[PDB]
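See below for the structure under consideration.
Each reported figure results from applying straightforward, stated rules to the coordinates on display, with no laboratory input. When we count neighbours, we look across all protein chains shown, and the Cβ atoms used for this are built from the backbone with ideal geometry, even at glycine.
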Amino acid sequence: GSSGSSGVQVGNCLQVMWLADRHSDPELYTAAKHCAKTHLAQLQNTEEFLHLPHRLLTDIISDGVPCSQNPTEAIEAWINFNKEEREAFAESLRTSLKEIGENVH
């Protein structure tokens with residue numbers, strides 16, 4: 001019957017992937033990190049995500065994000081937090097931002 005084990009969840013994906021990266025953990029970091037890029041919104045509407053650094057966020061969006069989960073929206077917010085300086089990261093992040101799914105070269 002319906003049986004499984006403890007793994008990763010879009011909700012606790014950030015926290016997981018975070019520590020993982022800090023502990024040079026590719027297996028985990030990659031896993032959680034992925035689920036994040038796919039479900040960025042679910043995190044963009046949360047504090048943690050906005051509380052995350054630039055290295056983490058950059059990596060996520062760097063791995064390409066599905067047009068489905070409004071990527072820019074998350075960038076604008078996570079940036080607005082401390083736009084005072086993050087601004088620089090906002091522009092650079094925008095140009096770096098990548099979209100998948102749609103047929104565009």
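Pairs linking a residue in region 22-44 that is free of Cβ contacts under 8 Å to residues at least 12 places away in the same chain and assigned to a loop (DSSP other than H, G, I, E, B) to a residue that is buried (at least 21 other Cβ atoms within 10 Å of the Cβ) and of a type outside the set (S, T, N, Q), with Cβ atoms under 9 Å and 6 or more positions apart or on different chains, are 25/17.
Here is the figure for region 79-105: residues that are hydrophobic (A, V, I, L, M, F, W, C), within 13 Å of residue 65 (Cβ to Cβ) and assigned to a helix (DSSP H, G or I) total 1. State whether one or more residues within region 48-65 are acidic (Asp, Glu) and part of a loop (DSSP other than H, G, I, E, B). Checked region 48-65: at least one residue is acidic (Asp, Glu) and part of a loop (DSSP other than H, G, I, E, B). Among the candidates 89, 49, the residue that is in contact with a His (Cβ under 7 Å, 6 or more places away or on another chain) and surrounded by 15 or more Cβ atoms within 10 Å (Cβ to Cβ) is uniquely 89. Is at least one residue of region 2-10 outside any loop (DSSP other than H, G, I, E, B) and not small (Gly, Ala, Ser)? The answer is no; no qualifying residue exists.
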